[PDB]
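As a starting point, one isolated chain is supplied in C-alpha cells, in the form deposited in one PDB entry.
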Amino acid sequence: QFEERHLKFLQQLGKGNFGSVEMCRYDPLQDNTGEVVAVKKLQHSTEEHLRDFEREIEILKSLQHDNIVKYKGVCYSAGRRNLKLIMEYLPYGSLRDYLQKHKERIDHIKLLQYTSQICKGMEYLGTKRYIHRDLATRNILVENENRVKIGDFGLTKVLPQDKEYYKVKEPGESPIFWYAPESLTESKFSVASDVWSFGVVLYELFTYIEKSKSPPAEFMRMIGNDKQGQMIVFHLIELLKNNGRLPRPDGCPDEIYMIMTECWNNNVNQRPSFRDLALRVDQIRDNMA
C-alpha cells in the first residue's frame, strides 16, 4: 500500500540489531499533510533474516488488540527487495525510557494499569499460540499516559500444532537475564517462559529502571562480575537452579513481589496463567483505589 518514494525519513527510533525502526512521514501528496508512521527494516538483509522478517510481518498483521502496536502495511522497492514494515507511530517511546523519564510522577496504581495491559496483550498472543520470546520493557511502547502496547515481535514464534513449546537457538546475544531456566538450558520457549519473562518485566517496572537495579546488573552482582563469556550463562543457570532470584524492588509491596516470585517458578507447569495474572493485578489495583 505504501510507496517508498513517499516515505520521508525523520529520525531513528530504535535499533535491535538485525533490524531498526525509523520515524518517517508518509506524504504521498507531497504537501506535508501525510501522517507520521513507524518503519521497521532489516539492518543486514540476509535471506534467512528476510524469511524471518516476512513471518514477523504476518504475525503482526494477524494481531488486533488495544495493547498490540498496529500494523499498517508493507513497503518494498525493486521487485520484492528492501522489505519494510509500516506501523502506527506511538509518540511516547518505549516504556523503559518513558518510565525512567517520569519516575517521580508515575505511582504504583499506574504501574499496575500498565501491567494489566501487558497481561491482556500477552493473553491474546497466547490465544493465537504465539510465543513472544522477548518480553521486556524495552519492547513495550507508550501510546499515551493511560495506554501501552507490546511494540516489537522480532523473536515471536508460532507453536507447532502438536507441541506446547518451540525449541530454537539463535546465534549471538540473547537477553539471557530475562530467560526462563528451561530456555537457558534446553532452548525451550513456551507460554510459561513468556510468563517467566513477564515476571522480570514486573520487576523492571517496580525498579523504575534504576540503573544499578536492572536485571543484568543484579544477576551479574549475584554471580560475580569476574565471570565472563560462556561462564556467565553457566553460573546464571546454577544460580536459578538454587532458587536465587532478583530482589524485591525498593518500595515494592510484598503482594506484588509475590506475583514476581510465582512467575519465576523453576517448575514450568506451576507458573500462573496470563489470565490469572491479570485477575490478580486488577484485584490489587481495585483495592489500592
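C-alpha atoms forming the largest set that superposes within 1.5 Å between two forms make up the rigid core. All residue numbers refer to positions in the sequence shown, first residue = 1.
What comes next is about the form deposited in another entry, which does not appear here.
Discussion item. Which residue of 185, 77, 146, 127 is the mover here, meaning its C-alpha shifts by 2 Å or more between the shown form and the other one once both are aligned on the rigid core?
Written reply: Shifted by 2 Å or more: 77 only.
Worksheet entry | C-alpha of residue 16 off by 2 Å or more between the shown form and the other one on rigid core | Shift at residue 16: 2 Å or more after core fit.
Fill in: Comparison of CA distance in the other entry with shown form for residue 180, residue 16, at least 3 Å
It is farther: the C-alpha separation of residue 180 and residue 16 rises by at least 3 Å in the other entry.
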